[PDB]
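Per the deposited numbering: the first sequence = residues 378 to 456.
Read through the structure below, which is laid out as structure tokens, and then see the notes.
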Amino acid sequence: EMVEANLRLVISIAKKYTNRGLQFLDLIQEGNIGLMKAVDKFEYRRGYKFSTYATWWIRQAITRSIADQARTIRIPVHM
DNA sequence: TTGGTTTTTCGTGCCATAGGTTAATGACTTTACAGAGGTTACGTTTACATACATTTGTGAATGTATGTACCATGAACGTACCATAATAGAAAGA
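Here you go:
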């Protein structure tokens with residue numbers, strides 16, 4: 378029920394990170410994986426909304442996806 | 001008067017006495033082959049000192065490793081020229 382009601386937050390934050398690094402369906406899938414990893418470690422006693430906490434995780438997912446291959450060769454993340 | 005048998009010399013042919021170059025095996029002698037004996041300058045075997053390598057620990061380069069807590073809620077997010085005709089498909093009236 379969480380993922381079927383928050384796929385659209387993922388696509389809304391994922392359609393602004395499509396700067397021609399790779400085809401964007403992999404970015405949609407990695408955003409869904411980041412949504413899963415943000416739901417798996419979500420707290421209730423904080424009192425804040427879930428989007429601000431999930432934004433950092435989904436940007437980390439999109440960052441590691443765009444820095445995973447990024448070329449035909451392998452370049453590390455720090456480089 | 002002329003042809004032919006008979007007979008005797010005479011240079012030529014056969015036999016015998018003399019005397020010399022030159023074949024014989026050898027005895028040569030000279031060259032060649034076969035016998036040992038002292039000396040040379042290597043070739044193989046052996047020990048010993050020092051060297052490039054190769055085998056170890058120790059100080060620096062990167063690299064995945066998990067997370068960051070006001071609010072972020074659907075779209076292509078700029079692609080593209082529009083040739084030509086054999087063979088089927090999903091329906092529409094015959």
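Positions of the beta carbon are idealized from the N, C-alpha and C atoms, including for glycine.
Cα atoms of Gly408 and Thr429: separation of roughly 15 Å, rounded to the nearest angstrom.
Scanning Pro453, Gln437, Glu420 and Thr432 for the CA closest to the CA of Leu386 turns up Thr432.
Shown here, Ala447 sits in coil according to DSSP, grouped into three states, outside any helix or strand. Scanning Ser389, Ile410, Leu399 and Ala382 for the CA closest to the CA of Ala438 turns up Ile410. Here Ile450 is exposed, its C-beta having fewer than 16 other C-beta atoms within 10 Å.
In the three-state reduction of the DSSP assignment, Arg385 falls in the helix class, which pools H, G and I.
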